[PDB]
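First residue of the first sequence: 196, per the entry's author numbering; consecutive thereafter.
Report on the structure given below.
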Amino acid sequence: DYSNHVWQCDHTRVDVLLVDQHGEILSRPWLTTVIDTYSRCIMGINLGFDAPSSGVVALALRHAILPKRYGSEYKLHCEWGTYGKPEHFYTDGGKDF
DNA sequence: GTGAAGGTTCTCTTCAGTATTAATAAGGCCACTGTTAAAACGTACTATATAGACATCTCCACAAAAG
Ligand SMILES: [Mg+2]
Numbered sequence: 196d197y198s199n200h201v202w203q204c205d206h207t208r209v210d211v212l213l214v215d216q217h218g219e220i221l222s223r224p225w226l227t228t229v230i231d232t233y234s235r236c237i238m239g240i241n242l243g244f245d246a247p248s249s250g251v252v253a254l255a256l257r258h259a260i261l262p263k264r265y266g267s268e269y270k271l272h273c274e275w276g277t278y279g280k281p282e283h284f285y286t287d288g289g290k291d292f
């Protein structure tokens with residue numbers, strides 16, 4: 196019925212091969228998204244090599260629930276003015292969830 | 001004494017006695033009981049002070065399903 200009423204979360208394998216800072220191949224990361232079902236903002240993400248795990252879920256949840264701050268190395272013109280807790284959380288059946 | 005031997009009386013004794021204060025006692029053998037300390041000595045209803053065979057809960061490690 197309103198914003199934050201149901202957040203939704205899932206993970207997927209990003210389709211970019213990453214590299215170490217020394218330049219050698221690192222297998223693709225996983226991306227986790229937390230999404231407002233009303234508003235349809237993306238509320239927060241976690242991007243990393245760690246497989247789908249409750250610590251990864253918790254890491255996306257932290258970013259989503261908390262206010263956002265980014266420095267000038269992020270050349271943003273907008274601002275990611277979204278925060279606050281969900282009232283419900285809607286997921287698939289993964290063992291992390 | 002000029003010395004020795006011998007003569008003589010002297011009374012009455014109805015008066016004196018009878019009372020306490022009394023010392024622990026002053027008996028010794030025998031045998032035979034029956035108390036009287038008090039010493040020696042079997043064993044009970046207890047009050048504890050352990051020592052250690054067991055039972056228990058807890059923490060950590062392995063096979064089945066979903067994305
Ligand atoms: Mg999923």
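Cβ atoms here follow ideal geometry from the backbone N, Cα and C, with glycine treated the same way.
Under the three-state reduction of DSSP output, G276 falls in the coil class, being neither helix nor strand. For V229, the enclosing beta strand (DSSP E) starts and ends at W225 to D231.
The closest heavy atom of ligand 1 lies 6 Å or more from the beta carbon of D245. The three-state secondary structure of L242, taken from DSSP, is strand. Judged by DSSP secondary structure, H206 falls within the beta strand (DSSP E) whose first and last residues are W202 to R208. The beta carbons of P262 and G289 sit no closer together than 7 Å. Leaving aside the five residues that flank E282 on each side, the residues in its chain whose CB is nearer than 8 Å to its CB run, in chain order, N199, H200 and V201. For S249, the enclosing alpha helix (DSSP H) starts and ends at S249 to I260.
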